[PDB]
Each structure stands twice: as structure tokens, then as C-alpha cells.
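S.K.: Pasting a structure here, questions to come.
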Number of protein chains: 2
Amino acid sequence: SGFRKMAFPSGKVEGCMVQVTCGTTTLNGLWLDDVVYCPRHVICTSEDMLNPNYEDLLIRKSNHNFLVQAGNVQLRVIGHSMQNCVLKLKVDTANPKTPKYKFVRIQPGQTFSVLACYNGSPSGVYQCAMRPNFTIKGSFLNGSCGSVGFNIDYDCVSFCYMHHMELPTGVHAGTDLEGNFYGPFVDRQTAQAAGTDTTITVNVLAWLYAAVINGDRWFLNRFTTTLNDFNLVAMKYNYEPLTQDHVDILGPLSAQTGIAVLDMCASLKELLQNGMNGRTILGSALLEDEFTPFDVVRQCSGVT
Amino acid sequence: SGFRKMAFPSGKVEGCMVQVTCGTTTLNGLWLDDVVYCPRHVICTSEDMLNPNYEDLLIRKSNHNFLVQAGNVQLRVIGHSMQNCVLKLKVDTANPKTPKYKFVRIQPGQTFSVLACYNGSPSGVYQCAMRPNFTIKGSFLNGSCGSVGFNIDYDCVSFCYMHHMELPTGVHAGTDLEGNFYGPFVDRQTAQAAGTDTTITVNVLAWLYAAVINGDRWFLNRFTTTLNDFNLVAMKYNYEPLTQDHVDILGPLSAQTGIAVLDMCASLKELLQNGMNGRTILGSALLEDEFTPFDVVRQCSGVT
Ligand SMILES: O=C(Nc1nncn1C1CC1)[C@@H]1CCOc2ccccc21
Ligand SMILES: O=C(Nc1nncn1C1CC1)[C@@H]1CCOc2ccccc21
């Protein structure tokens with residue numbers, strides 16, 4: 001037993017990280033097959049970032065201007081193109097360590113692991129969630145751009161995020177592996193404020209089920225509620241509305257614990273209205289929302 | 001910016017995980033060079049666990065009784081020995097993926113990454129701290145024994161923990177890689193209760209410095225304190241006493257932020273006495289103690 005904020009094993013993704021340098025700018029690239037993917041802002045000077053015309057800035061770059069280093073060896077760039085906000089650098093060597101992979105665009109509320117990298121080298125791995133305002137709360141310093149977010153289904157890595165930037169509020173923004181930003185963010189040094197960071201209700205409920213499975217049961221009460229009544233309280237507390245689709249997704253956890261989804265909603269409603277009173281749930285003093293129902297089942301069943 | 005509970009990249013350790021089976025029992029082993037290390041309780045039936053005589057149970061086991069599988073290939077066991085609570089299985093093939101490594105015994109308060117495994121296969125990675133009562137609060141189900149804890153210094157993995165058991169309270173116990181348990185725990189299905197789980201003061205202070213570096217400054221106050229005054233409050237709150245050695249260790253973080261260590265102690269003293277008042281620090285509603293001062297510097301500087 002025990003329940004931790006767990007990231008996927010990062011080995012398969014470490015095998016893909018390379019360093020990409022264009023002029024004075026060094027960031028990370030993701031090498032899969034014979035393509036290296038990286039944020040297109042690698043072509044910018046800090047001055048260009050204020051109002052960059054990427055097509056125009058790219059005209060001044062040739063294949064030999066993109067320096068790609070995998071470990072201590074240089075890769076030969078034989079082609080380059082821009083797809084949305086990412087560059088795809090075609091190299092002459094397929095990555096021998098390329099795992100089975102997919103490029104997926106995730107929905108808000110979905111979690112993933114980030115392998116934070118600097119100069120093509122992994123520094124650490126942590127678990128993130130795509131927030132309902134399409135930001136992530138990561139740990140990214142200068143040089144971390146191009147680090148990726150992913151999930152793993154046994155031996156297939158599904159890449160869902162590439163890090164591009166930090167907003168003035170300290171929250172993070174990035175793209176899927178097709179270069180499309182999550183949310184309304186743009187790769188420009190301009191005023192960009194994030195919307196409301198609501199709490200991912202279905203994930204909190206999943207985590208309350210993990211707490212029950214792992215023996216923390218003090219918050220269970222004698223009440224029930226309805227989706228409509230629960231959502232009135234969820235609205236007041238800046239929680240995402242709970243839908244019948246979320247109820248269906250929590251079905252397996254409801255079955256495992258014998259606690260009906262709406263009874264768990266009533267427990268959550270009381271926790272919102274009354275607070276924790278100085279108590280903790282799975283070592284947390286706040287309601288955790290960065291575990292999906294699938295993450296809870298995965299961790300509680302020991303999937304590899 | 002941003003500060004996350006980050007684990008080390010796990011690739012180097014994934015390359016070492018194997019499955020070990022003895023009779024009906026399957027757990028994990030750590031394959032380094034031509035030796036596979038695993039918990040000695042792999043030789044026990046659930047019945048033997050109540051009062052096992054490991055030397056006697058081991059007499060009934062031969063090299064061919066230890067089935068070691070690395071991926072989908074079987075390893076040949078050419079020797080076996082017991083060192084404290086671990087078995088060392090000599091195999092005929094050195095692990096080709098053996099990283100540079102050390103075996104270290106850590107002190108309470110030190111953190112490490114755990115690569116949770118089942119049947120020699122990695123399921124996830126998370127960050128732990130050796131608690132002051134020599135337990136860890138992990139996420140370990142049946143089959144996870146033999147999963148290891150480690151730290152990495154660039155390319156050298158220092159293995160510090162091997163998982164052996166779960167106490168009736170749901171907390172975890174294990175050994176260093178020489179097979180010596182942390183704390184007073186024994187590998188026997190008997191009443192073993194953990195002592196007081198005090199809070200690792202030096203780690204909380206390090207995390208308050210990370211909060212200041214990452215822009216969360218509301219808790220900074222106009223006060224200072226002394227080590228003796230602070231420790232009177234630390235004692236009342238079940239916090240570890242702060243020593244001049246801890247003050248020295250926090251020196252670099254004090255320098256980076258310009259906040260004297262004793263002023264940060266005074267901020268912590270007020271947080272203990274007054275609570276958070278519904279506010280958060282780095283997204284937490286409790287004072288986090290599973291980041292060492294070295295972890296804070298490492299993460300805030302982007303070490304790879
Ligand atoms: O935010 C950036 N880098 C970054 N992403 N996460 C952390 N970091 C560094 C800690 C800042 C850079 C800085 C200059 O302005 C822009 C504009 C657009 C895209 C990227 C950037
Ligand atoms: O605790 C154990 N296994 C375990 N370690 N973490 C999680 N788990 C399983 C979730 C229980 C086993 C169970 C039988 O009794 C003993 C006695 C000594 C050593 C190991 C064990």
C-alpha cells in the first residue's frame with residue numbers, strides 16, 4: 001500500500017534527448033527516428049522574442065546552423081521545416097534508441113510525466129497535469145525548453161507536451177508534438193495571462209478513492225448528493241463541473257471500494273464546505289487533483 | 001522557475017532490474033556486474049514469514065532454485081550467499097548496462113528516488129525521504145520487494161535502499177545494499193511499530209528557501225530567533241532539533257536569497273504557531289520536508 005505522486009520510468013525518453021543550438025541559443029530536442037523536434041524559438045535572439053516573425057527569421061537559417069548533439073556526438077542535419085511552433089530537423093541517422101511512440105494531444109485534466117532536461121541531458125522527472133486553463137505548473141529554468149511530457153502504455157511512449165515558455169505568473173505553456181500550443185498561448189515575449197485555474201473534480205474524486213483503498217477513511221460521511229447539487233457547490237469552489245462521463249470513468253474505483261460515486265461527491269462537498277480541520281488525506285492538507293482515475297487504478301494495481 | 005517533487009531520471013536503474021523467483025515467491029532483483037541483489041525473504045513461504053530461520057531455510061536452496069530473468073532471458077546462477085538481509089546471486093553474465101555505482105547507507109532526513117518495480121519491470125518513479133524513525137512512506141504493493149532507492153551524481157548511481165516490507169501501519173521498511181535494515185526493523189511478520197515520525201526541520205527550511213526563490217514570499221516576517229529559542233518551538237511541534245551543522249548546510253541558500261538562516265527559522269516558528277490560515281506555499285498546505293538543502297540547490301540550478 002501507500003500512494004505517491006509517481007512519474008513513469010523515464011529511460012525510454014532519456015534515450016531520445018538531444019541538445020539543439022542555433023546561434024547563441026541552446027535548448028533540448030526530441031530525437032525520434034531521423035527527426036529532431038524542438039521549439040521554433042531556438043532561432044530567436046532574446047531581442048527577436050518581443051515580436052518574432054518566425055517565417056522571416058527562418059529564411060536566414062540553413063541546415064548547418066542547427067547544431068544537434070546526442071551525448072557527445074554531433075548529428076548531421078539534412079533538412080529542416082517548421083510545423084506550427086516546432087521545428088523538425090531531419091538528421092542522417094535514425095535514433096537507435098527510438099522507442100515505440102505516438103504523438104497525442106491531451107485534454108485538460110490529463111496527467112503526464114515531464115523529463116526536465118538541460119543541454120540535452122536529463123535532470124529529473126516529475127508528474128504534471130494539463131490545467132483547465134491549459135497551463136502546467138512545472139519546474140523549468142532557462143535551457144529547459146524542448147523538455148517533453150509523456151505517458152507510457154507498456155512499451156509505447158505517447159508524447160503529449162513539449163515545453164516552450166514561462167508566463168510572467170510563473171506557470172508554464174507549451175505545445176503538443178505537432179507544435180500546436182495548449183490553450184491560447186503564443187511563443188512571443190508579450191503579456192499573456194492565464195485564465196482561472198479550476199480544480200479537476202474527477203481527479204480529486206479519484207484521489208479520494210485512492211485514499212480509501214490506502215486506509216485513509218476519516219472523511220467518509222453519512223451523506224449522498226446528486227450531480228446537480230454537487231455541481232452547485234463545485235461551482236462556488238472553482239471546481240470543474242462533474243459530468244455523467246466522469247461518473248462512468250470513476251465506476252471501477254466505486255466498484256473496488258463499494259462507495260457509490262455520488263456518496264464520494266457528498267464527502268468531497270463536506271470537505272469543501274468544512275475544510276480539513278488540520279487533518280491530512282494521503283499526507284496532503286489540500287485536495288489533490290493531479291491523479292486521474294486511470295492513474296489511481298494503475299498505481300493501485302502495479303501496472304508495468 | 002517552479003519547484004516540483006522531482007525524482008532522478010530512472011533509465012540507469014531500469015537497466016538493472018531483474019525478476020527473481022524462488023519457489024512460489026517472485027520479487028525484484030538488482031543486477032550490477034555479475035551479482036543480483038534481492039531480499040532474502042524471497043526464500044520464504046508466507047507461513048515461514050511468522051518466525052523464519054533464514055540460515056536454515058537457505059540450506060534447502062541450491063543455485064538452480066533461484067530463477068533470475070532479465071527482460072525475457074534467463075540468467076545462469078553460479079553462486080549464492082546471504083549478506084545480512086539480502087541475497088547475492090552470482091550470475092555467469094555481467095550486466096552490460098551496469099552504470100557506475102556505489103552502495104551508500106543514508107542518514108534520516110536524506111531523500112532518494114525509488115523505482116517501483118513488479119516482476120523485474122519498472123512501474124514508476126517517485127521521491128522519498130528516510131524518515132527520522134527509519135521508515136519511508138512509499139507506494140509498494142505485493143511483488144514490489146527488491147525495488148531500490150537511489151541518488152545520482154552525474155553518471156554514478158548511489159544505491160541507498162532496497163525495499164523489504166510494509167509495517168501494519170502502512171509505512172515501509174528496508175535495507176541498504178549491504179542488507180542492513182534502516183532502523184530496528186526485522187524481516188519477519190511480527191508486531192513492529194514505528195517510533196515518532198518527526199518533521200525534518202532542515203528540509204522544511206530548505207523548501208522555504210525554494211519558495212522564496214520561486215516567488216512565494218507571503219510567509220516572510222519581520223522576526224528573527226536563536227537556535228535555542230527555535231528548538232523550544234521545534235520540540236513542541238515534533239520537529240527535529242536544528243543544529244549549527246544544519247545552519248551551515250543552509251548557508252548557500254541563505255546567500256542566494258539574502259535571508260539569514262535564523263530569520264527563516266523565525267518565519268517557520270510563526271508558521272508552526274499560527275498555521276497557514278488557508279494559504280499555500282509552493283502549492284502545498286503543509287510544510288514539506290522531503291527536499292534536502294542539496295535537492296533545492298540542484299533543482300534551482302538545473303544540474304544534469
Ligand atoms: O519563457 C522562456 N523560457 C522558459 N520556459 N520555461 C522556463 N523558462 C525560463 C525561466 C525563463 C523564454 C524567456 C524569454 O521569453 C520567451 C518567450 C517565448 C518563449 C520562451 C521564452
Ligand atoms: O510486507 C510485505 N510485503 C510488502 N512490502 N511492501 C509492500 N508489501 C505488500 C503489500 C504487502 C510482506 C508480506 C508478508 O510479511 C512480510 C514480512 C516481512 C517482509 C515482507 C513481508
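Following the order of the C-alpha cells, chains are lettered A, B, ..., residues in each are numbered from 1, and ligands are numbered from 1.
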Leaving out residue 258 (chain A) and any residue of its chain fewer than 6 positions from it, which residues lie within 12 Å of it when counting only C-alpha atoms, given as a list in words?
M.R.: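 Counting only the stated atoms, we get residues 209, 212, 213, 250, 251, 252 and 264 of chain A.
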S.K.: What residues have any atom no more than 8 Å from ligand 2 when counting only C-alpha atoms and all ligand atoms, and can you list them as number ranges by chain?
M.R.: A: 1; B: 41, 46, 49-50, 139-145, 163-167, 172-173, 186-190
S.K.: So which residues touch residue 17 (chain A) within 6 Å, counting only C-alpha atoms, skipping near sequence neighbours fewer than 6 positions away, as a list in words?
M.R.: residues 29, 30 and 120 of chain A
S.K.: Counting only C-alpha atoms, collect the residues of chain B whose closest atom lies at most 7 Å from chain A, and write them out as a count of residues only.
M.R.: 30
S.K.: Excluding region 51-67 of chain B and residues on its chain fewer than 2 positions from it, collect all residues at most 12 Å away from it, counting only C-alpha atoms, and give them as a ChimeraX atom specification.
M.R.: /B:18-29,36-49,69-70,73-92,119-120,186-191
S.K.: How far is it from CA of residue 219 (chain B) to CA of residue 196 (chain A), in Å with one decimal?
M.R.: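 Interatomic distance here is 23.9 Å.
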S.K.: How would you write, as a PyMOL selection string, the set of residues in region 62-246 of chain A that DSSP gives as strand (DSSP E or B)?
M.R.: chain A and resi 66-70+73-75+77-83+86-91+100-103+111-118+121-129+136+148-153+156-166+172-175+181+199+239
S.K.: As a PyMOL selection string, please: the residues near residue 194 (chain B) (cut-off 8 Å, only C-alpha atoms, same-chain neighbours under 3 positions excluded).
M.R.: chain B and resi 133+135+197
